[PDB]
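Below you'll find the structure, written out as structure tokens, and then a few comments.
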Amino acid sequence: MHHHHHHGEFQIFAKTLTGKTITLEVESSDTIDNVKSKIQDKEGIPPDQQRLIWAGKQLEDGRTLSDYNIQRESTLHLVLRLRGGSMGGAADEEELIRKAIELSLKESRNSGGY
């Protein structure tokens with residue numbers, strides 16, 4: 001029920017596991033489904049095949065942008081899933097989560113160093 005109007009004055013930045021930078025026009029409260037699909041228009045990749053991991057935690061499809069107060073200048077770490085034959089590389093489908101959290105996200109965990 002996000003109305004039929006349009007006012008994408010606030011954009012965001014998404015970075016795939018491989019490190020691909022993608023910019024999509026979303027809302028401050030945009031939902032994962034909206035974020036994902038929006039990506040499909042950018043990389044074709046279907047939302048059901050796209051996963052979103054942020055802050056060492058996997059974003060649930062029911063999550064919102066305003067949930068964590070995600071501004072516009074945010075790096076949405078996206079991980080491309082793989083249902084077909086395992087690529088047998090760094091990122092596939094499940095290993096893309098633990099690694100997406102240990103590579104560019106671990107920084108947030110490092111803050112726990114006290």
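In the structure tokens, chains take the letters A, B, ... in the order shown, each chain's residues start at 1, and ligands count up from 1 in the order shown.
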
> Hey, what's within 8 Å of region 58-64 of chain A if we count only C-alpha atoms and toss same-chain stuff fewer than 3 positions away? As a VMD selection string, please?
Replying inline: chain A and resid 29 to 33 51 to 55 67 to 68 97

Go ahead and dump the residues you just picked, N, CA, C and O atoms, as a PDB file, in the first residue's frame.
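Once written, selection_39.pdb looks like this:
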ATOM      1  N   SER A  29      12.164   3.679   3.635  1.00  0.00           N
ATOM      2  CA  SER A  29      11.519   2.563   4.320  1.00  0.00           C
ATOM      3  C   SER A  29      11.309   1.376   3.382  1.00  0.00           C
ATOM      4  O   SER A  29      10.693   0.381   3.770  1.00  0.00           O
ATOM      5  N   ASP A  30      11.814   1.483   2.149  1.00  0.00           N
ATOM      6  CA  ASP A  30      11.676   0.409   1.166  1.00  0.00           C
ATOM      7  C   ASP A  30      11.867  -0.958   1.821  1.00  0.00           C
ATOM      8  O   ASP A  30      12.625  -1.095   2.781  1.00  0.00           O
ATOM      9  N   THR A  31      11.183  -1.965   1.289  1.00  0.00           N
ATOM     10  CA  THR A  31      11.292  -3.315   1.828  1.00  0.00           C
ATOM     11  C   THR A  31      12.255  -4.145   0.988  1.00  0.00           C
ATOM     12  O   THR A  31      12.576  -3.779  -0.144  1.00  0.00           O
ATOM     13  N   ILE A  32      12.711  -5.262   1.546  1.00  0.00           N
ATOM     14  CA  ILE A  32      13.640  -6.138   0.837  1.00  0.00           C
ATOM     15  C   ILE A  32      13.090  -6.488  -0.543  1.00  0.00           C
ATOM     16  O   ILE A  32      13.760  -6.282  -1.552  1.00  0.00           O
ATOM     17  N   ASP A  33      11.867  -7.013  -0.579  1.00  0.00           N
ATOM     18  CA  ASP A  33      11.232  -7.386  -1.844  1.00  0.00           C
ATOM     19  C   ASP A  33      11.380  -6.269  -2.876  1.00  0.00           C
ATOM     20  O   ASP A  33      11.688  -6.523  -4.042  1.00  0.00           O
ATOM     21  N   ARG A  51      19.658 -12.382  -2.568  1.00  0.00           N
ATOM     22  CA  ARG A  51      19.624 -12.349  -1.113  1.00  0.00           C
ATOM     23  C   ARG A  51      20.275 -11.056  -0.623  1.00  0.00           C
ATOM     24  O   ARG A  51      21.155 -10.513  -1.291  1.00  0.00           O
ATOM     25  N   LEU A  52      19.833 -10.555   0.532  1.00  0.00           N
ATOM     26  CA  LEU A  52      20.386  -9.313   1.070  1.00  0.00           C
ATOM     27  C   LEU A  52      20.947  -9.518   2.476  1.00  0.00           C
ATOM     28  O   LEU A  52      20.212  -9.852   3.406  1.00  0.00           O
ATOM     29  N   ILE A  53      22.253  -9.296   2.621  1.00  0.00           N
ATOM     30  CA  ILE A  53      22.919  -9.435   3.915  1.00  0.00           C
ATOM     31  C   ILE A  53      23.478  -8.080   4.344  1.00  0.00           C
ATOM     32  O   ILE A  53      24.206  -7.437   3.588  1.00  0.00           O
ATOM     33  N   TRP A  54      23.127  -7.644   5.551  1.00  0.00           N
ATOM     34  CA  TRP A  54      23.602  -6.356   6.045  1.00  0.00           C
ATOM     35  C   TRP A  54      23.835  -6.405   7.555  1.00  0.00           C
ATOM     36  O   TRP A  54      23.055  -7.003   8.298  1.00  0.00           O
ATOM     37  N   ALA A  55      24.921  -5.767   7.991  1.00  0.00           N
ATOM     38  CA  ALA A  55      25.283  -5.723   9.409  1.00  0.00           C
ATOM     39  C   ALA A  55      25.459  -7.129   9.981  1.00  0.00           C
ATOM     40  O   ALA A  55      24.872  -7.472  11.009  1.00  0.00           O
ATOM     41  N   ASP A  67      13.874   0.357   9.055  1.00  0.00           N
ATOM     42  CA  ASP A  67      14.014  -0.513  10.220  1.00  0.00           C
ATOM     43  C   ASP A  67      15.271  -0.136  11.005  1.00  0.00           C
ATOM     44  O   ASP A  67      15.192   0.266  12.167  1.00  0.00           O
ATOM     45  N   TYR A  68      16.421  -0.267  10.354  1.00  0.00           N
ATOM     46  CA  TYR A  68      17.698   0.064  10.984  1.00  0.00           C
ATOM     47  C   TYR A  68      18.018   1.547  10.797  1.00  0.00           C
ATOM     48  O   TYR A  68      19.090   2.011  11.187  1.00  0.00           O
ATOM     49  N   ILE A  97      26.951 -16.132   2.548  1.00  0.00           N
ATOM     50  CA  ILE A  97      26.441 -15.428   3.721  1.00  0.00           C
ATOM     51  C   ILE A  97      27.534 -15.289   4.777  1.00  0.00           C
ATOM     52  O   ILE A  97      27.848 -14.181   5.214  1.00  0.00           O
TER      53      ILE A  97
END

List every residue of region 43-74 of chain A that has an atom at most 12 Å from any atom of region 82-89 of chain A, and for each one report the closest atom pair and its distance in Å to one decimal, counting only C-alpha atoms, with rows sorted by chain and then by increasing residue number, as a Markdown table.
| residue | atom | partner | partner_atom | distance |
| --- | --- | --- | --- | --- |
| A:45 | CA | A:82 | CA | 11.0 |
| A:46 | CA | A:82 | CA | 11.6 |
| A:48 | CA | A:83 | CA | 10.6 |
| A:49 | CA | A:82 | CA | 7.3 |
| A:50 | CA | A:82 | CA | 9.0 |
| A:51 | CA | A:82 | CA | 10.2 |

Preceding selection exported with N, CA and C atoms as a CSV table (one decimal), in the first residue's frame:
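Writing the result to out-v6.csv gives the following:
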chain,number,residue,atom,x,y,z
A,45,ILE,N,18.7,-10.3,-12.5
A,45,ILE,CA,18.6,-11.3,-11.5
A,45,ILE,C,17.3,-11.2,-10.7
A,46,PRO,N,16.5,-12.3,-10.7
A,46,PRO,CA,15.2,-12.3,-10.0
A,46,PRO,C,15.3,-12.1,-8.5
A,48,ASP,N,13.8,-13.5,-6.1
A,48,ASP,CA,13.7,-14.8,-5.4
A,48,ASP,C,15.1,-15.4,-5.4
A,49,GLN,N,16.0,-15.0,-6.4
A,49,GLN,CA,17.3,-15.5,-6.5
A,49,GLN,C,18.3,-14.6,-5.8
A,50,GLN,N,17.9,-13.4,-5.5
A,50,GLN,CA,18.7,-12.4,-4.8
A,50,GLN,C,18.5,-12.4,-3.3
A,51,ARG,N,19.7,-12.4,-2.6
A,51,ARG,CA,19.6,-12.3,-1.1
A,51,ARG,C,20.3,-11.1,-0.6

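Taking the backbone of this structure through DSSP, the residues of region 33-88 of chain A that come out as strand (DSSP E) are residues 50, 51, 52, 53, 54, 57, 58, 75, 76, 77, 78, 79 and 80 of chain A.
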
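Closest to residue 22 (chain A) among A:57, A:5, A:42, A:99 is A:42, based on only C-alpha atoms.
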
>> I'd like the neighbourhood of region 14-17 of chain A as number ranges by chain, where a residue qualifies if any of its atoms comes within 8 Å (using only C-alpha atoms), though same-chain residues fewer than 3 positions away should be ignored.
In response: A: 20-24, 74-80, 91, 96, 100

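Among the candidate residues A:71, A:10, A:56, A:37, the one lying nearest to residue 109 (chain A) is A:56, with distances computed using only C-alpha atoms.
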
>> Just checking: using only C-alpha atoms, which residue out of A:26, A:92, A:66, A:18 ends up closest to residue 39 (chain A)?
In response: A:26

> Which parts of chain A does DSSP call alpha helix (DSSP H) when run on the backbone here, written out as a list in words?
Replying inline: residues 32, 33, 34, 35, 36, 37, 38, 39, 40, 41, 42, 43, 95, 96, 97, 98, 99, 100, 101, 102, 106, 107, 108, 109 and 110 of chain A

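Among the candidates A:34, A:11, A:40, A:108, the one nearest to residue 70 (chain A) when counting only C-alpha atoms is A:11.
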